[PDB]
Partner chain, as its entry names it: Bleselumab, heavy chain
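Take a look at this single chain in C-alpha cells; it is the form deposited without the partner chain.
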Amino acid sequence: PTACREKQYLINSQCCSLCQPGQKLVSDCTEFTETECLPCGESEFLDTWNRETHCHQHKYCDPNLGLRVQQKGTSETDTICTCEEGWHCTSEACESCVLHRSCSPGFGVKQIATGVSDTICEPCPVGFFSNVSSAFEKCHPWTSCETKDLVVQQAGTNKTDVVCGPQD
C-alpha cells in the first residue's frame, strides 16, 4: 500500500490530488491548498487524471489530404476528421483521403463513389458504350440504326457509338 491513493501523488509529506481529465498541473498541493490545475485551452485536450504540464493539441484535419473536421474536440476528447465531398478514405482508419476516380472510355459507372468507397466501374458490355472519362456517367446503349431505316455502317465498340448509313 503506497503512501497515497491511485488518484493522488506524494510530495512534501502531503497526498495531493492528481489533475482531472480536461486539466493540467500548474502547482503542487500544500498543507494549505489542494493541487493547482488549469483547464486545457479551447483547442486542447487531456483525457486522463494526470500531473502533466501541457495538454494535447486537438488533431489538425488537413485539407491537402482531403480531410475536413467532422466534430470539434472537447477538453477531454480529440477532434474527429472525415473526408471532404468528392474524396473517399484511403483505408478503414481514414487518416487521409483520395479523389474519386473516373471510369475511363470503354467503362461506365456501376456504383457512384461515397465518402467510404471509390467509384465502381464496369467494362461496357455489348450494345453499350462510354466515350468519356467520368465519375458519374453510366454505360449508354448503342443507337438502333433500324429504327431510323438505316444499317450499321461502322460497328459500335465499348468506346464508340454505331455510325448508321444507307443500304447497299
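The term rigid core refers to the maximal set of C-alpha atoms that superpose within 1.5 Å between the two forms. Residue numbers count along the first chain shown, from 1.
Another form, the form solved in complex with the partner chain, is not on view; read the next lines as being about it.
Residue 25 belongs to the set of residues with a heavy atom inside 4.5 Å of the partner chain in the bound PDB entry.
Although the partner is absent here, residue 52 lies within 4.5 Å of the partner chain in the bound PDB entry, judged by heavy atoms.
Remark: residue 56 counts among the residues lining the partner chain in the bound PDB entry, judged by a heavy atom distance of 4.5 Å or less. At least one heavy atom of residue 45 is located within 4.5 Å of the partner chain in the bound PDB entry. Here the two forms are overlaid on the core, and between the shown form and the other one the C-alpha of 28 is the only one among 118, 28, 137, 122 to shift by 2 Å or more.
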